[PDB]
Protein chains: 2
Amino acid sequence: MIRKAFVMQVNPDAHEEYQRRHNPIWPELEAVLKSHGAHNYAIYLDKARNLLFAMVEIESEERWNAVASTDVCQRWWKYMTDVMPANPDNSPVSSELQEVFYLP
Amino acid sequence: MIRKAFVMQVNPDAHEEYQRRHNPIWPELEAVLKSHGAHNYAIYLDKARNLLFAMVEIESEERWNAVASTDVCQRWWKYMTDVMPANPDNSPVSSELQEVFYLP
Ligand SMILES: C[C@H](O)[C@H](O)[C@@H](O)[C@@H](O)C=O
Ligand SMILES: C[C@H](O)[C@H](O)[C@@H](O)[C@@H](O)C=O
């Protein structure tokens with residue numbers, strides 16, 4: 001599939017709360033993520049830098065992009081603004097990373 | 001397997017060279033990485049921050065740790081000191097990330 005990686009940020013005082021909110025995430029959000037073709041979605045926390053390293057395999061660029069249009073992702077992102085920096089539309093501040101090495 | 005993620009840094013002026021050196025990496029280093037149980041070793045570059053987010057699945061913590069004792073990893077790391085921050089023993093400056101979310 002298409003390997004995608006990106007990085008987001010997290011509030012310095014919300015490391016524990018951010019993690020707790022993903023164990024588990026809302027069942028309706030999980031359903032939507034899976035329906036939209038995501039696989040092996042993993043997020044890692046860089047405690048010293050308040051950074052979140054995410055990796056996810058998706059079947060479709062467009063479908064993955066469509067998650068932002070769903071109500072559940074929208075309310076999820078609104079909900080998450082209290083623990084991490086977000087863009088005006090409530091999507092988390094994020095940057096796409098460039099794959100430089102891959103060894104199966 | 002055991003999912004491991006860590007972050008390293010890269011010199012601001014060596015983004016292109018760092019990537020070129022991994023396509024492909026030395027064949028004897030690949031052989032050693034695989035012999036020591038590494039799977040799906042991926043490294044992503046954060047251009048804005050000069051950061052390298054890496055993720056690798058390994059069969060054994062001890063075997064993975066043993067890679068640093070091999071001559072090839074040692075000469076590889078000595079070689080890489082010219083493009084990225086390194087510890088006195090030449091291993092790259094690195095920090096273990098904490099997995100906070102995982103959706104198969
Ligand atoms: C499930 C995942 O969290 C979501 O896909 C991301 O956009 C971000 O909100 C995570 O905190
Ligand atoms: C193959 C890989 O590069 C190695 O495992 C890391 O320690 C670092 O040197 C990479 O640049």
Side-chain angles (χ1 to χ4, degrees), chain A residues 1 3-10 14-27 29-58 67 76 80 83-84 93-104, chain B residues 1 3-10 14-27 29-58 67 76 80 83-84 93-104:
Chain A
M1 306 179 256
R3 279 196 297 289
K4 287 184 72 73
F6 49 104
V7 51
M8 305 169 290
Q9 296 171 59
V10 58
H15 286 20
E16 182 188 339
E17 174 71 9
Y18 179 88
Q19 190 185 328
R20 181 68 187 77
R21 296 187 176 188
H22 294 68
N23 295 280
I25 54 170
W26 302 336
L29 177 63
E30 186 178 309
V32 166
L33 286 172
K34 297 299 298 173
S35 286
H36 287 57
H39 298 75
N40 305 122
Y41 195 162
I43 299 175
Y44 300 88
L45 167 62
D46 180 334
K47 297 180 173 174
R49 307 189 173 80
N50 296 326
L51 300 180
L52 296 165
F53 162 48
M55 203 303 132
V56 66
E57 291 179 296
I58 73 295
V67 181
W76 172 256
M80 295 300 291
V83 296
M84 68 201 296
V93 177
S94 180
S95 280
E96 197 183 327
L97 300 177
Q98 180 177 70
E99 180 179 316
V100 291
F101 173 67
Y102 186 82
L103 170 56
Chain B
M1 305 180 260
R3 279 194 297 286
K4 286 183 74 73
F6 50 102
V7 50
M8 306 169 292
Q9 295 171 60
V10 61
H15 286 21
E16 182 189 335
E17 173 70 11
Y18 178 88
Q19 188 184 333
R20 182 67 188 76
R21 295 185 176 189
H22 294 69
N23 294 280
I25 55 174
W26 302 337
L29 176 64
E30 182 181 311
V32 167
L33 286 170
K34 298 299 298 172
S35 290
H36 287 57
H39 298 77
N40 302 125
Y41 196 162
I43 299 174
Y44 299 87
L45 167 62
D46 179 334
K47 296 180 173 177
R49 306 189 173 83
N50 293 330
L51 297 181
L52 295 164
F53 289 98
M55 189 296 129
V56 65
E57 291 181 297
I58 73 296
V67 181
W76 172 256
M80 296 302 290
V83 295
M84 71 200 290
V93 178
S94 180
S95 279
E96 199 182 326
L97 303 174
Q98 178 177 71
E99 178 180 317
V100 292
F101 174 64
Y102 186 82
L103 171 55

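Note that these values count all heavy atoms, side chains included, but never hydrogens, waters or copies made by symmetry. Here is how names work: the chains are called A, B, and so on, in the same order as the sequence lines, proteins then strands, and each is numbered from 1.
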Open item on the list: Quick one, A/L51 and B/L51 - any side-chain contact, counting heavy atoms below 4.5 Å?
Closed with: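 A side-chain contact exists here, since the closest heavy-atom pair is under 4.5 Å.
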
Task: Non-hydrogen side-chain atoms of B/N40 and A/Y102 separated by less than 4.5 Å - done: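 In contact.
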
Open item on the list: Suppose a student defines contact as a heavy atom less than 4.5 Å from any heavy atom of chain B. Which residues in residues 29-37 of chain A would they list?
Closed with: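 So far as heavy atoms go, A/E30, A/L33, A/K34 are the residues that approach chain B to under 4.5 Å.
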
Task: Residue-level interface, residues 14-22 of chain A with chain B, non-hydrogen cut-off under 4.5 Å - done: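 Residues in range: A/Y18, A/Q19, A/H22.
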
- [ ] For A/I25 and B/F101, work out which heavy atoms get closest and say how close.
- [x]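 It is CG2-CE1, 3.7 Å.
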
Open item on the list: Rounded at 0.5 Å granularity, tell me how far CG in B/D46 sits from CD in A/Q98.
Closed with: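 Result: 11.0 Å between the selected atoms.
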
Open item on the list: My understanding is that only residues two or more places apart in sequence, or in another chain, count here; which of them pass ring pair (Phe, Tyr, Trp, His ring centres under 6.0 Å) with B/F53?
Closed with: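 Residues passing ring pair (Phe, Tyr, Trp, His ring centres under 6.0 Å) with B/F53: A/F53.
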
Open item on the list: Quick check on B/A54 against chain A: is it the side chain, the backbone, both or neither that has a heavy atom closer than 4.5 Å?
Closed with: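 Only the backbone of B/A54 comes within 4.5 Å of chain A.
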
Task: A/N23 portion near chain B, given a 4.5 angstrom heavy-atom threshold - done: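 Looking at A/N23, just its side chain touches chain B.
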
Open item on the list: With chain B as the partner, which of A/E57, A/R49, A/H39 has the greatest number of non-hydrogen pairs under 4.5 Å?
Closed with: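 That would be A/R49.
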
Open item on the list: For the interface with chain B, which of A/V7, A/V56, A/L52 has the highest count of heavy-atom pairs at distances below 4.5 Å?
Closed with: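 Ranked by heavy-atom pairs under 4.5 Å with chain B, first place is A/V7.
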
Task: Pairs involving residues 94-104 of chain B, ordered by first then second residue, that meet salt bridge (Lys or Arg N to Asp or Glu O under 4.0 Å) (sequence neighbours left out) - done: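 Of all non-adjacent pairs touching residues 94-104 of chain B, those that pass salt bridge (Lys or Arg N to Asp or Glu O under 4.0 Å) are B/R3-B/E99.
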
